[PDB]
Each structure stands twice: as structure tokens, then as C-alpha cells.
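This report concerns only the one structure given below.
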Amino acid sequence: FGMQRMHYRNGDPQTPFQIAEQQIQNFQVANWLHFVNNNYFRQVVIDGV
Amino acid sequence: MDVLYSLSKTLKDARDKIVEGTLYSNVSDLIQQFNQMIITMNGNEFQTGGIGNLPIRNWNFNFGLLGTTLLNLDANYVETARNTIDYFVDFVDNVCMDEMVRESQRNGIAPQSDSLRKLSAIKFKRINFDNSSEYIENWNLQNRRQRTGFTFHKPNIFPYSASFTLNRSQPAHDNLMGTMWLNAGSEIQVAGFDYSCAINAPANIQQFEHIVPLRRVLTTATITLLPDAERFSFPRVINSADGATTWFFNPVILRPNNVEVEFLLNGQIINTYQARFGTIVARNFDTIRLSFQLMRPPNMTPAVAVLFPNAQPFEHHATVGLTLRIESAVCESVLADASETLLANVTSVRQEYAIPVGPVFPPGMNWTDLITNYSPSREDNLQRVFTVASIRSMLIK
Amino acid sequence: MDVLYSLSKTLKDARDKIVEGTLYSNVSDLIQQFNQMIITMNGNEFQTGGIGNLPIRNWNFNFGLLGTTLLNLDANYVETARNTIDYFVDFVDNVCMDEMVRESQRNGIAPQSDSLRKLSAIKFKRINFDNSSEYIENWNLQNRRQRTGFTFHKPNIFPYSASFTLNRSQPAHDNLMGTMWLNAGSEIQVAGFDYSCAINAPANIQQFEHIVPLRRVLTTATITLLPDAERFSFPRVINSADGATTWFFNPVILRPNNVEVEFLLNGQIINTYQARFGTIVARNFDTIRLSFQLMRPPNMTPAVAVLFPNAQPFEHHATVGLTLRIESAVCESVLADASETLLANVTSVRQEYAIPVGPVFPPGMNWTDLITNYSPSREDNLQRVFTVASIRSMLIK
Amino acid sequence: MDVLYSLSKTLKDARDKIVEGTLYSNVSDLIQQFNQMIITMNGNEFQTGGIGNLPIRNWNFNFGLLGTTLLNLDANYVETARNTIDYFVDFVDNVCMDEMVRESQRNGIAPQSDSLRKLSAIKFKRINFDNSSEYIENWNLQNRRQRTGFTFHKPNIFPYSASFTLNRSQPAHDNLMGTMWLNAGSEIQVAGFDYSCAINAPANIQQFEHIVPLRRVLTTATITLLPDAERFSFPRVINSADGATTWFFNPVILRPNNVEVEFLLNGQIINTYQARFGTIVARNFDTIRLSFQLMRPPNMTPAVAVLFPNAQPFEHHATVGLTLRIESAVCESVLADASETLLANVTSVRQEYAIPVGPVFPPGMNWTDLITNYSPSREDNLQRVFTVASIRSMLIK
Ligand SMILES: [Zn+2]
């Protein structure tokens, strides 16, 4: 996208994908990055476990 | 009650912010709050109703958290959210109605419905969110025993009272001196009348006084004072004090002189306004003393002179009036006013569901009676029901 | 419409929050929304105006995004932000004016301006933000066919009407029985007069009825009911029904007897108040029926007896009255009230730009005519124009 | 001023959002703002008071940042926040009072109190947050030279003025023609009277005019115009122009004829309504011209004919009138109104602390005098004190 290199400071509270989804205008890339950022396991009690 | 308010607040935020197309950064924290609410409310069984005609309803919560994987919320996400939001709103509405239709002589400020009692538990404290509304803010301040304040436009602080007092009278009711008034809502309208026009009074001056004691202390009140009482300036026929007969009042209106308005607190004059009409300010008061005089005009043209003879048969009766209107004020307790809809909401719920007359409020939430005898128990119950009504009014149109 | 509201809301938040020296954490999400708006709007061209004297203006959008690098906003950042916000606010202003000055007899709820039609496209849906205002909230509910409600202070429901009805009359107009009424805004004043003072009426009582139907259903309304009508308590010369002559009205006011105020919804008695004055609550109603009687005083002092003879020459005419003010109410439709300025804004824009009379609203947005014939099409157009007016006033002071 | 408002807004948001149990994600940004406030204010000393009886108080700031990490706020976090919030609330209260009780003939807008002068320094700019309230919005807009706007309900634009003008008079006051008006708050009530009922007037018509200028331009005002003046429709005994004697006014009301209400801006008719009553709109105006006529009824029934003779003795005096109330309006300058409490707050603080009469405002903040001689310096000081009062009311009940 012709954007300046991300000067990512170590220990930043946000990850490079979390920054990039904000900085990127393209909807496909932004949507994929957002999925990667907010994708978690789901804790479910199945059959008592 | 803070928990119920937080439920209403988060549901309102979900309705007003979870819209198709909105970025997810605009609802990140709101979705976190909504999922917190769902987690806390899952697995709890509630019951509402049972009083009057309010139906018995049972509430179960087994919902799933809202998703967080969309950059922009789309139609499917909004529909999924609305499915659960409708149920939560219905639960909150029923809790609010069940709490509004109840009252208790002892501990009237404490929750009265089983649902609100259960919500008062510690486990539900996680759903607290932000308490920014005026009524919830005053609720929290009162619980902390801090300052409370409600701003009212035209506060309904005066119980309805339309009456007259006769200081001079006789069975014929043809030579009367006295004062007739109407106190209603936020307006006092008083008029002192004398049939002889102070022909035989000392210095040709007749004094009139009108004391209106408010049931609560008002502060920073903006008031309008006008030099006539339009309500007692036309001919009328009034029943006697005992109702035996009727008497004729035929006012001719003069200018009240030596007008004094005293706004008193604990019997100490806090504000005093002499011969000043229009917009005035009372910073802190609980009683209004209006003093005025009927002064026989020292000089009269023949048309004026013919009106006021020195003998008995007075055809025209000299009247001087004042009109006071509280446009805006601040009170520590709750009152009905012109702009708010809380009294209407509570009365409407009770009338719609035919709630039997309880032991605290007068039948049909009669505001005249309530503000006439605004006891501390009634004040606590009224604050509770008004807070619940405000909480319900952010979900139900 | 939601896109237009989102543009207005984001610009308002930008002007309030993007101020010099503020933390970037205070405006991170707002700036994300702002950049989303800029990206969605760039490359599009709009045209606003061309109706009446409203100028035709072309709007192009090519704006760089707002930065996301400062810890605290500084003067440069605010200057750039305001240079963009001013242009966006002007575009929103003109879009709202173009939408307000237009009306349609068919599909009046749909957008009418070219710019709002363009913004109705799906590509702009990403600019949706939150719908927190009362008017936009009700717009969305109405779109979803859900129950709506606007809270009005002194709703302007009753079209102006000052009239009288005569149930007994002669060409000389010397012995009349009838009613006089003024209905205006939120005020009803009705007087029943009888010249004979019910000397020969059965049981010496004269019955008076005043039925005021509303063009829209009101709910949870607080109402002040007072036992007299000051507007019909002084001498009058009134031109007759046909304007051929004039008759004299010299009233003497007696208390209204057996006062019954009924609030009916679809002809079913929802609320009834017998001889109760002051603050009352009508929870749901579409018509008001005021019933009152003039009872000849059974006992009279000599003055009243002289007032009321048994022969024709009735110099004084017995009169009873009722006043009914609607302090607050809730209506599913939009109305004009004494607090809001939306009717004023729409009327002002139309008058300023000399908009020709359309096929929907009456000339000059005459509220009396509009609320007299409040058609469903007129209601749709009125809600549309009022919603856009509120959106506009969100930004323009 | 902006910094003071930011302190108040931060404290109010802290009190409303930092509550036990709330998710920390709901208050993360607010906590960053709170820490920014503490860092900026640490190490600075302030002094307030020293005027009238307002006590002199000294303020120091040595509070630590909030930094505890949790998912949901606990009692410890709330208590630590509340200590600092209490101290800051006290400081803001005293600063606001100190600024409210002070004036300046020159540079009214500029800060007057030393605390606010210090806070206007650049090093405090790091606390701005969001300037959303109406008054701070208008403050910032005025600083940016953009058009301001304050929306008032029943604006208090008319200085109290009850008067009469006698266009035709005799020492006996038997045969009078003229006008009689009361302008107060938002209501004009005018009445033309003619004792001869225009018997000898050309075309049996008498014309009355009433011109009411305004001290400030109002825009988008909704007004109710009714055809009768209640106030001047009763028998009166009125002192003459020079006060030597008194005269009798015994009106009989006729319908006003050829009513024309004009709203003019700089002498140019901006709006005009002929023979139209009810709700009307004036989009922009600085004076009101009310023209009406008393027309002798060409046809009269015997009662009316007896009422109006052609000879000298005039027992009944023909009267016509108008009432005009501004229900809501928008003004570029601040004004008092019936729904706000800013004038009440400023006057209350000044009265409570016995602030000596300053060089700008009239004694006791008399609104009639203020709005009569509403000078530019008075407007500047009034806006400053009203903005401070709004900021204070954000925190104090
Ligand atoms: Zn009002």
C-alpha cells in the first residue's frame, strides 16, 4: 500500500496487526487483520469437561 | 437499583450504537460491556408480576456472547444482537413496572420487587457501567448521604388550594374585607378585597397578607411577580364559608402599594423584594410571605369618586392582587413538574394494571394529596418509583 | 437519513473533542470514525440547491486523513481538523436545507434531495456511527415499524379555534344559552353561559358539554385542570353566527357544578376525573370530553338575588368555566411544542429561501392548517423534515 | 475557561463512570484523562476567595496517578479515586464561585479570578477533553468568530414595563383614547381603548399601534398570538400620567380588527401576519410592530346599541387587544429564561456571599435593569458568569 515502515516499539500494548488494521484503508486487508486480532478460543463446558 | 440502571444503559447503548455499517472501534467497549452483562445474567432465574393485574412472568437467560470478528457490523450481526436485546429490554421493563407498582411504609427506599432484590446481590455488581443520568446520580448521592438536587421547570410545589378568608363580614355579605387566593402547581394568585375601599380605615390603608409554606426547601428559584391577579378581577358569585348562602363579588382593580415579597427559611427572611415586579431570584426558601395594601386614592376624578361612596351600598369592590410564578427551581426531593414525565409514567402504570391502593401513596397517585402530606416515607417511595420510571423511560417509548 | 445523521454526529464530536492539548486517547476512536468518513466520502461529488432561491452548490471531497501520531493534539492538528470540519459542516448544512425545503405526496418518508438520495447508497453505510438522538432513534424505530414516542412540553396539538355555539337564541340575542371555547396549542378554555341562570331549566341545572378530539393519540400526559376560564369572564361584544349583527355578553362567574373530565381512546373511557382540579394524569386518550353544569344557587343573598331575576331583562349572565392545560405528553407522531425549535427551523428555511408552496404542506407551514388536516402523508413529510432539521441544528447554532 | 470546563467534565465523568464493579475497559480512556489532569495540576498552588465574605482558601496538588490493573473496579480503586475527586471538586467549586462573583468594565470576557488567570496559562492546556455542553460550545465558537446560538424556552427578552399612552385626554378622563400595555419576560399584552367607540372617527375606525424593540436579535422564534388581552379586560382605577389623580377604565371587549403583526430587522419587515392567530414563526427580527383597529360594529342589537351611545357619558369603553408570547427562540447573546438556572445561580452566590456592587452589573443582578441597559460589557460579563455557572452546576447540585 506504499505506507511508511511501521516503527513498532517493543513492549507496545498493541500488536503490529492491531496497529495495521487501523492504519490500512483497504477493506479486505483490514477485515482479515481484524479477524486475526479478535480471534479467540471459546471456553465451553462439553460433557462435563 | 444501580444494576437495573446499568442494564437499561447498556441496552440503550446497544440499540443506539449497534447499527449496520458502524466500525467495530465504535462499539468495542460497548460489546465488552454487553458480554459482561450476558455472562453475569446467564443462569439466573427471575420472576416479575403478581400485584394487581400485572401478569406473572418468568425470565431465564441462556444467551451467547456477541461476536467480535467483524470490522464493520453488518445486517446479520445487528439481527443477532436485536434478538437478545429485545428479551433483555422486556425483562428490564417488567422489572421496572413491578418495582414501580409497589410501596412500603418502612424502608421505602429499599427495593420492593423480588427481581430488584436479587439484582441487589453482589454477583450482579459487575454490571454497573456509567451512572450519568440525573436521577441515578441523585440516587447514588443520596445513598452516600451527599447533596441531592433536581432542577424543575414550574415545580408542582403548591398543593391545589382555592379559598378565601373574610376578616370583616356579616350575613348580608355586602361589606366584606378579606383575601381570596388560588395556589396551584407553581403559581400563587392572591387578591385582597375591601368593599368600603378603606373609607374608614386608618390612613385609608387596608393591609393584606398571604403566607404560603412550601413542603420542601427550594433553592436558586427564578420567579416572576406581577402586580395583578387576573383570576379575581371579574364579577362572581361565591358560596359562603359554611355553604349556607352565596355572595356577590364585583371587583374594581387598583394598584397594590407597598408590595413586599419575603422568601423565608426557618422563619428568617432570606430574600426580600419591595415594589419590584418581573423576574426575581430566591436563593433558599421554604415559605413565601406576600404583603400588600389597598390604598384609597387620595385624589380621584369624578368617575372614580362615584365608585367609592362613604355609605353602605358599595356596588364596586376595591381589589388589589399579586401573581407569583416559579419558573424554575432546584429541590433536594423529587417533585412533579411541567417538563418531566415521571409522575405520569408511574400513575399510568398503576392505572393500567389496576394496582390496589397501597399503604403509602394516596389513591390514584393524587398529586395534590401527595404534596399536601409529603411525609418522609412518601418521599422515599416517590424517589424510588421516579428513579425506576426514569430507568424505564430510556427503553420504552 | 442515518448517514446524514452520522456525518453530523461525527462532525459535532470532532469539534467538541478535537481541541488543542487533548490526549490522543480521548480522540483515537473518534479519529478512526472520522477517517472512515473521509475515506468513504472521497471521490464523490454532490450538488445541493436549485429550488427557489436556495443557491446551487457543488461539493467535491479530497481530504487527507487525520494523523494518528501525536501524544497530545497541538495547534497544527487542530487547524487541519477544523479546516476539514468546516467544509464538511457546510456540506451537511446545505444537504439538510435542501432536504427540508422539499416535500412529496407519495413516498414522503423517503429522501427527496439528490444529495440525500446519493447518501442512501450502500457504499456510505459504513458511515453510521451511533444513533443516540431522540429524533433519529424514532426515525429508526418507525423504519422498523416499532412503537415510537416523542416527549413534548406543552404539545401544540389543538389547532387554533376560538368559537361559540348557541343552543338557545333569538334575533335580539338577549336570552342566550350556550358555550364559548378557545383551543390553542395545549390549552382549552371553555365557558358555559345561561342568561336566565337556569331559572326555568329542569332541576335548576343547565348542562354543558365540550368534546375536543385530537388528531393524534397522546399518552402519559400531565394535565392542569382549573375550575374557571379567565378568557370568558369579562364583558364582550361578539358578532353573531352569520355576522349580521352583534350581541352583548356580560358574565357573572359561578363555580362549575358536577365537573367531569373524560379522556377517551377510541370511544372507551380510559380516564375519568370527577370534580378534581389541579394536576391529573391521562395515560392514553384521543379525545377530551368536559362536562359541567350551571346550578342556580339555591340560597342567595340580596345582591345575588338582584343579579338573577325571573323576568326577561337579564342584565347579568350566569357563566361557568373550565381550563385544561397539557403540561407534558408523549405522542407516537411528531408535533410542535413550546420547547423545541424544529417547526421554527423548517419554516425559517422555507421563508428565507422563498420556497414555492408544495403539494403537501399548507402555505408558510401554517401549523393550524397542518394539524387540522394531519394526513398520513403530511405526517411522513413532517417527520422527515423535522428529523433533518434536528440533524442540522446539531451543527448549526 | 476551557481548562476549567475540562476539569469539571473530567470530574463528573470520573464520578459517573468509576464505580465499583464496572469493567476497566469502560474507564480506560477516562483514567488516562484523570492521570493527565493530576500530572498537569501537580506542583501548582492556587488561591481563591478574598471578595465579599467568600473565604480565602489555598489549594495544593500532590496526588498520585491511578495505575492499578484489574478487570473490574473494586472498592479500593473507587475509594482512591474518590479522595482525589472530592478535593478537585472542592477546588473547582471555589474557582467557579470566585469567577462568578467578579466583574470588569473592560475585558469582560477575559478571566477575572487569579485562579482562572493561572489556569489560562499554556502549561495547563493538556487538560481539554471534550467541550460538548452548549455553553462551552458557544464559548469556543465565539472565540473562533463563528456564529453562536443559545436556545431559550420563554426567553426573558422584554424588560418589565407596564404603561399607558393617552392619545386623547381631558382633565376629567371621561373620554379617553389610547393604548395600555404590559411587556414582561416573553409576553406582550397590549390593548387599545376608546371611550367613544370610534363614533366620530373616520370610517368608524380607530387605529392603535404598539412598537416593541428588542435589545438583542432573536432568530427562529415560535410565538403564540392570541386576539385578547386578559390583563386589560377588567374594571381598573389607574393613576394619571403625572400621578396627580386617578381615572376609571371600564372596558367592553370587541374583536381586534385588521390585526397586523410584523417582525422587523433594521426597519425592514422580515415577517408579517395579518389576521392570523395561533402559532406563528419569526425567523429573524429585532422589533415587533402590532397594529390593530377598533371598528364600530356596523350592526348592533339593542343591548349593544344601548351599550355604545353617541353622547358624552360613556359608561362602557370599547377595548381591543392582543397577546403575544415567545414560546422559544434562539439568540446570539445569552439571556435568562424559564428553563435555565444560570441567572439564579449567579445571583444566589452573590447574595449569599454579600458581594459589593461591582462596576458592571446593576444592584442585586436585577434582570430588568440588565436587559434594559444590556451594554456590550454587560453582555461579556454575563456570558462569562453564565458559562462559569454552567461549569459549576456540572458538579454541584
Ligand atoms: Zn414551559
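Using ideal geometry, Cβ is built from the backbone for each residue, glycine included, and neighbour counts are taken over all protein chains shown. Readers should treat all values here as calculations from the given coordinates under stated rules, not as data from a laboratory.
The figures follow:
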| quantity | calculated |
| --- | --- |
| Condition met for C:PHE91 (within 16 Å of the ligand (Cβ to nearest atom) and out of contact with any helix residue (DSSP H, G or I) (no Cβ under 7 Å at 6 or more places or on another chain)) | no |
| Check on B:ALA275, away from the ligand (no atom under 16 Å from the Cβ) and free of Cβ contacts under 8 Å to residues at least 12 places away in the same chain | no |
| From the options C:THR341, C:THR347, residue that is more than 16 Å from the ligand (Cβ to nearest atom) and either within 14 Å of chain D (Cβ to nearest Cβ) or on the phi < 0 side of the Ramachandran plot (or both) | C:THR347 |
| Some residue of the range C:354-366 being buried (at least 18 other Cβ atoms within 10 Å of the Cβ) and assigned to a helix (DSSP H, G or I) | yes |
| Residue within the range D:171-180 that is within 10 Å of another protein chain (Cβ to nearest Cβ), closer than 30 Å to C:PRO155 by Cβ and either outside any loop (DSSP other than H, G, I, E, B) or not hydroxyl-bearing (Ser, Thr, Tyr) (or both) present | no |
| Every pair of residues 6+ apart whose Cβ atoms lie under 9 Å, when the first sits in the range C:380-397 and is over 28 Å from C:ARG106 (Cβ atoms) while the second is in a helix (DSSP H, G or I) and acidic (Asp, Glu) | C:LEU395/C:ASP93; C:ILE396/C:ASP93; C:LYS397/D:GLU134; C:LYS397/D:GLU137 |
| Residue that is farthest from the ligand (Cβ to nearest atom) [pool: residues in the range C:127-153 that are more than 20 Å from B:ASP13 (Cβ to Cβ) and surrounded by 13 or more Cβ atoms within 10 Å (Cβ to Cβ)] | C:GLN142 |
| Members of the range B:325-338 found to be outside any loop (DSSP other than H, G, I, E, B) and within 16 Å of the ligand (Cβ to nearest atom), listed by number | B:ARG325, B:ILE326, B:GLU327, B:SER328, B:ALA329 |
| Subset of the range D:181-204 [within 14 Å of chain B (Cβ to nearest Cβ) and under 26 Å from the mean Cα position of the chain (by Cα)] | D:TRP181, D:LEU182, D:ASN183, D:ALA184, D:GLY185, D:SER186, D:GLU187, D:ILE188, D:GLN189, D:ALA191 |
| Top-ranked residue of the range C:282-316 - restricted to ones that are in a strand (DSSP E or B), out of contact with any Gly (no Cβ under 8 Å at 6 or more places or on another chain) and among the hydrophobic types (A, V, I, L, M, F, W, C), ranked as nearest to the other protein chains (Cβ to nearest Cβ) | C:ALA282 |
| Filter result for the condition that a residue is in contact (Cβ under 8 Å) with a residue 40 or more places away in the chain and within 35 Å of the chain's Cα centre (by Cα), over D:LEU54, D:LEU70 | D:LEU54 |
| Selection status of D:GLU379, within 10 Å of chain B (Cβ to nearest Cβ) and either under 19 Å from the mean Cα position of the chain (by Cα) or part of a helix (DSSP H, G or I) (or both) | no |
| The listed residue being over 31 Å from the mean Cα position of the chain (by Cα) and among the basic types (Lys, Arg), out of C:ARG168, C:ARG231 | C:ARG168 |
| All positions within the range D:267-324 that are of a type in the set (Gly, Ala, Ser) and within 30 Å of C:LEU342 (Cα to Cα) | D:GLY267, D:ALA275, D:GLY278, D:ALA282, D:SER291, D:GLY321 |
| Matching entry among D:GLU137, D:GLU209 (being in contact (Cβ under 8 Å) with a residue 40 or more places away in the chain, of a type in the set (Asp, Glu) and not in a loop (DSSP other than H, G, I, E, B)) | D:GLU209 |
| Complete set of residues in the range D:154-180 that are more than 16 Å from the ligand (Cβ to nearest atom) and within 30 Å of D:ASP337 (Cα to Cα) | D:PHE158, D:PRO159, D:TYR160, D:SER161, D:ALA162, D:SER163, D:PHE164, D:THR165, D:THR179, D:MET180 |
| In the range C:128-179, the residues that are among the hydrophobic types (A, V, I, L, M, F, W, C) and closer than 21 Å to C:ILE109 by Cα | C:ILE136, C:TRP139, C:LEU141, C:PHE150 |
| Failed item in (1) under 20 Å from D:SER6 (Cβ atoms); (2) surrounded by fewer than 18 Cβ atoms within 10 Å (Cβ to Cβ), with D:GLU20 passing the rest | (1) |
| Boolean, D:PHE263 is hydrophobic (A, V, I, L, M, F, W, C) and in contact with a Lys or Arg (Cβ under 9 Å, 6 or more places away or on another chain) | yes |
| Checklist (1) more than 18 Å from C:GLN351 (Cα to Cα); (2) at the interface with chain C (Cβ under 10 Å from one of its Cβ atoms); (3) of a type in the set (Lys, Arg) applied to D:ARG276, failing item | (1) |
| Positions within the range B:212-262 being within 14 Å of chain C (Cβ to nearest Cβ), in a loop (DSSP other than H, G, I, E, B) and in contact (Cβ under 8 Å) with a residue 24 or more places away in the chain, in sequence order | B:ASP228, B:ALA229, B:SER233, B:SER240, B:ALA241, B:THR245, B:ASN250 |
